[PDB]
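Before any comments, here is the structure.
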Amino acid sequence: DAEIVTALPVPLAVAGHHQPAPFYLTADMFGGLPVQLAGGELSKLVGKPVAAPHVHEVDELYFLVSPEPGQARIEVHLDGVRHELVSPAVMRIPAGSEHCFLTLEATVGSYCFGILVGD
Amino acid sequence: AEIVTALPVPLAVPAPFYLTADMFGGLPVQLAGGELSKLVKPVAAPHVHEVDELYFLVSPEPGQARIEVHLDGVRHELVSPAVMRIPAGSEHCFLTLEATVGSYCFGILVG
Ligand SMILES: O=C(O)C(=O)Cc1c[nH]c2ccccc12
Ligand SMILES: O=C(O)C(=O)Cc1c[nH]c2ccccc12
Ligand SMILES: [Fe+3]
Ligand SMILES: [Fe+3]
C-alpha cells in the first residue's frame, strides 16, 4: 500500500502568475508537507516570464538545474535588483520580497523549481 | 542576496545534494538527485532512512522517464511525472529503466 501521486502537475494559482503554476509537491500531500514545489522545464520559456513581480508570505527557493552546468540561466528580480543565476544554483527569496524570474537561456532538460518553504 | 552555486554537495548515505538541511539558516527538507539518462546502471543498493523520502520523477515531456522502485519486497514501475512516498524505516531503492536526456529523479528527505 505505497503512496504514489501521478495526477501531476497540480495547477494552482499563484499571485501575479498569468496561468496556474504546475505544482509537483503541495502542502496537503501525504498527510502534510513542510514545502510546496512548483516549476517546469524551461526550454520553451526563454524570454517569456511566467509571472509579474509578486510577493509571498513564505520563503521561496529557486532551484535551477540542467544536465550540464551552465546550460540554463535565469534572471531573478529581487526588490528591483537583477541577479543572474547559472545552473546549478539555489537562491533564497525571503518572504515579503517582491520578485520574479525571466529565463535567459535553457536547453531541453533545463528546469527551474520554486520551493515554497512552509515556515 | 543568498545564492548557493557550489553544487551539488556530495554527501554519504555519495549522493549529489542540491538542498541540504543547513542551507539558509536551516531547511525542513534535503534534496538529492541527478539526471537519469546516464543511469539507465545494472544494480542499485537497498537502504533505509530515519526520515521519509519522496521520489520525484520528471522528464521534459511526460512519459519519457521510467523507474522501478523497490519498496519492502514489492516492485513499482513509475512513469514521469510521478511522486512516491518512502516511509521512514522502509527498505528501498530505485533503478532507471528508461530516460531521455534531461530526465531527473530527486530524493527529497522530509524532516
Ligand atoms: O514548464 C513550463 O512551461 C512552465 O509553465 C514553468 C513554470 C510555470 N510557473 C513556474 C514557476 C516557477 C518555475 C517554473 C514555472
Ligand atoms: O550518483 C549520481 O550521479 C546520481 O544521480 C544519484 C541520484 C539520482 N537520483 C537520486 C535520488 C536519490 C538519491 C540519489 C540519486
Ligand atoms: Fe515567487
Ligand atoms: Fe533513499
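Residue numbers (the deposited numbering), protein chains in the order written: chain A, 11 to 129; chain B, 12 to 24, 30 to 56, 58 to 128. C-beta: ideal position from N, C-alpha, C; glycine also.
Inter-residue CB distance, residue i and residue j (contact presumed, cutoff 8 Å)
| i | j | result |
| --- | --- | --- |
| B:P44 | A:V127 | 7 Å |
| A:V118 | B:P77 | 5 Å |
| A:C122 | A:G49 | 5 Å |
| A:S120 | A:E51 | 6 Å |
| A:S107 | A:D129 | Incorrect: roughly 15 Å between the Cβ atoms, too far for contact. |
| B:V86 | B:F111 | 5 Å |
| A:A37 | A:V65 | About 18 Å; that fails the 8 Å criterion. |
For residue i, the first and last residue of its enclosing beta strand (DSSP E)
| i | result |
| --- | --- |
| B:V24 | Unbroken run through B:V24: none, as it is neither H nor E. |
Paired residues, beta bridge with residue i - DSSP
| i | result |
| --- | --- |
| residue 57 of chain B | Position 56 is followed directly by 58 in chain B, which means residue 57 of chain B is not present among the coordinates. |
| A:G49 | A:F123 |
| A:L88 | A:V91 and A:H109 |
| B:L43 | B:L43 pairs with nothing; no bridge assigned. |
| A:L35 | A:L47 |
| B:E115 | B:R83 |
| A:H66 | In DSSP, A:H66 forms no bridge with anything. |
| A:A61 | A:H27 |
| A:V56 | A:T113 |
Distance, residue j Cα to residue i Cα
| i | j | result |
| --- | --- | --- |
| B:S97 | B:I84 | 9 Å |
| residue 131 of chain A | B:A99 | Absent from the model: residue 131 of chain A. The displayed extent of chain A is 11 to 129, so no value can be given. |
| A:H27 | A:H109 | 12 Å |
| B:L22 | A:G41 | 28 Å |
| B:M39 | A:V91 | 22 Å |
| B:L55 | B:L114 | 9 Å |
| A:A31 | A:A61 | 9 Å |
| A:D69 | A:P104 | 5 Å |
| A:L47 | B:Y72 | 13 Å |
| A:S53 | A:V20 | 20 Å |
| B:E67 | A:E94 | 37 Å |
| A:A116 | A:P59 | 13 Å |
| A:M101 | A:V15 | 27 Å |
| A:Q29 | A:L35 | 18 Å |
| B:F33 | A:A82 | 18 Å |
| B:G124 | A:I125 | 14 Å |
**Prompt:** When Cβ atoms are compared, which residues of the region 78–96 of chain B fall closer than 9 Å to chain A?
**Reply:** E78, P79, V86, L88, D89, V91, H93, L95 and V96
**Item:** Short-range partners of chain B found in the region 35–63 of chain A, where Cβ spacing is below 8 Å
**Value:** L35, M39, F40, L43, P44, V45, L47, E51 and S53
**Residues of the region 12–24 of chain B with Cβ closer than 8 Å to any Cβ of chain A, in chain order** = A12, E13, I14, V15, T16, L18 and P19
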